[PDB]
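Here the structure comes first, spelled out in structure tokens, and everything after it is commentary.
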Amino acid sequence: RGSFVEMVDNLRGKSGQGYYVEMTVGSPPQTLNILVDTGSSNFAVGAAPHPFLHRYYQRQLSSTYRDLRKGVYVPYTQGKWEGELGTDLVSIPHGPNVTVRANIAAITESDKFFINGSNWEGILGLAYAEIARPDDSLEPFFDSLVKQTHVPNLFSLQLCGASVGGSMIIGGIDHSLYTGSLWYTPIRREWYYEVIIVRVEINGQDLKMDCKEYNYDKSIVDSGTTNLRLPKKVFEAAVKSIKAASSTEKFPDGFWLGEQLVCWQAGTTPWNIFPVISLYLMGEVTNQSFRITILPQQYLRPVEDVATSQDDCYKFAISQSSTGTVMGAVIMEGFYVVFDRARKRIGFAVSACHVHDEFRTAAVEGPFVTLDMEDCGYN
Ligand SMILES: C[C@H]1SC(N)=N[C@](C)(c2cc(NC(=O)c3cc4c(cn3)OCCO4)ccc2F)[C@H]1F
């Protein structure tokens, strides 16, 4: 506990493409790069020669593969994948020295799922059984890992960003990955990693909305989403405030809606024109909260693949949502995040690797006095 040198820097990725960990499946071990995803609950891997894939799971080569004789069809809002369920032996080379028999969805058909040019071939769904497909009887990977081994029921994520890197500490916390203290928010319900936001500030200025709006219909912590996604009404108020605070320069309306990029000359991004964003999260104690604060370095994201521009272009990575608040990479890149499943709580601390400048730093601060925090949750 406390120090896990072998798991430090076990995450890789490229801008806009996610964070993946190396895993092995089957006997003899087949190496795959697997997207780390706290926003879903299936372990699902490419199993057929899709042209976008560097490699795929070849079940015929595994002596320990067991067929579950069941299919699964998983439609997303935009993409889809279809697979055949089975179990096999799974290990994480730069994780704990253990081997687990886990459920694997062998992906046999997909659409808009794999990314052309990405270096991952599967997704590790780290959330709970309640949102696993086809149903909650398909035990998620981490549940299998904890049941079958002596690995503690906790993992932590340091997502670094701006090619990317970071650490997934399985079964522990590594104190070198953060500064200051961890502050914990309760996991409201074990399905997604659901949390409650009690207050929102832009540059210290309160949005003054009914706090139910912040969590309509839920708020989640999701390593598998890029953006900070906010409920439509909250996004409207947030953008209005961000526009006002950033009034020194004017931008087209499309930029704020993520419909167009905005570009600047290299090394001349005016970060200081853009405001900080603070989310107050429900604390561990009645009437107690804490505040997490991100910078423009988190929410204005570089787009490097612009062939029609020589300048440095950025995507506004705060967007409107119909699925509630999503605390994606925009949030998580500022922080070391502890998914303390054993105690049904999520810890936040300032990330030792977060991108900042000489004037401002991402922050985790408390305690604050906040009343009626239970009323902020949507029912
Ligand atoms: C709808 C999503 S949300 C979801 N949570 N999981 C599913 C399993 C899903 C996710 C992804 N994610 C990414 O590609 C990606 C990219 C990032 C990034 C994070 N994630 O942060 C740094 C910048 O780039 C891709 C496919 C996919 F199916 C879906 F449920």
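Residue numbering for chain A follows Swiss-Prot; the residues present correspond to positions 57-218, 230-446, in that order.
Determined via X-ray crystallography, 2.0 Å.
Cβ coordinates are placed from backbone N, Cα and C, and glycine is handled just like the others.
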For the candidates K70, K275, I need the one that Swiss-Prot annotates as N6-acetyllysine. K275
Disulfide-linked residue for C216, taking Swiss-Prot as the record, within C420, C443: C420
In Swiss-Prot, the member of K168, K203, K279, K411 to which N6-acetyllysine is assigned: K279
From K126, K310, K382, the one Swiss-Prot labels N6-acetyllysine: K126
Where's the emptiest Cβ shell within 10 Å among the disulfide-bonded residues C216, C278, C330, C380, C443? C330
Lowest local Cβ density (other Cβ within 10 Å) among modified residues: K275, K285, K300, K307: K275
Nearest of the recorded positions to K275 (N6-acetyllysine) by CA-CA distance, picking from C216, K285, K307, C420? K307
Could you say which of the modified residues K279, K299 has its Cβ with the most other Cβ atoms inside 10 Å? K279
